[PDB]
């Protein structure tokens, strides 16, 4: 099946932490990632992108220590810094196990799909969220998925969140089609 192929591709992308961690929840995260179109997963694998699952804070990892005390883009005024943030995506992907669900220190519909969408945007699609075409869609639809001072202000955030709605499950896919029809069509066409 296509889901099994996607799990095989993810086996060459996902990295588990050293030490004790919740293996069942790490498996559940992989299973949710396996719903992403295989073409994107294959491209991530070819670029040697790793999806790092973590059992502690992101900034406790040596490669993210430099973000200690840094206020993420869009998180101004929250009293929080990267120390508090459970997921990161872009040139790399790093994710705290257990923090997938919306509301666990973040507002994404799913942590791992949202972070991985940033990596797909940046690595696979050469920052398409900042293209004129997507900016035009974002101008119209970017306040229709909640969190207007974040998703509605940063097109790369609206891209990542939309991508997560499209791929998490049938209900979020349906909600995106209703709320953001142009974004939905854009994502459908990208995966063709």
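Numbering follows the first chain given and starts at 1.
Two stretches are in play, 27 to 35 and 60 to 68, and the higher mean C-alpha B-factor belongs to 60 to 68.
When 134 to 142 is weighed against 161 to 169, 134 to 142 comes out higher, by mean CA B-factor as recorded in the entry. The residue among 84, 107, 121, 112 whose C-alpha atom has the highest B-factor in the PDB entry is 84. Per-chain ranking of the deposited C-alpha B factor places residue 102 in the middle third. Annotation for residue 46: C-alpha temperature factor in the lowest third relative to the rest of the modelled chain, per the entry. The PDB entry assigns residue 74 a C-alpha temperature factor belonging to the highest third of its chain's modelled residues.
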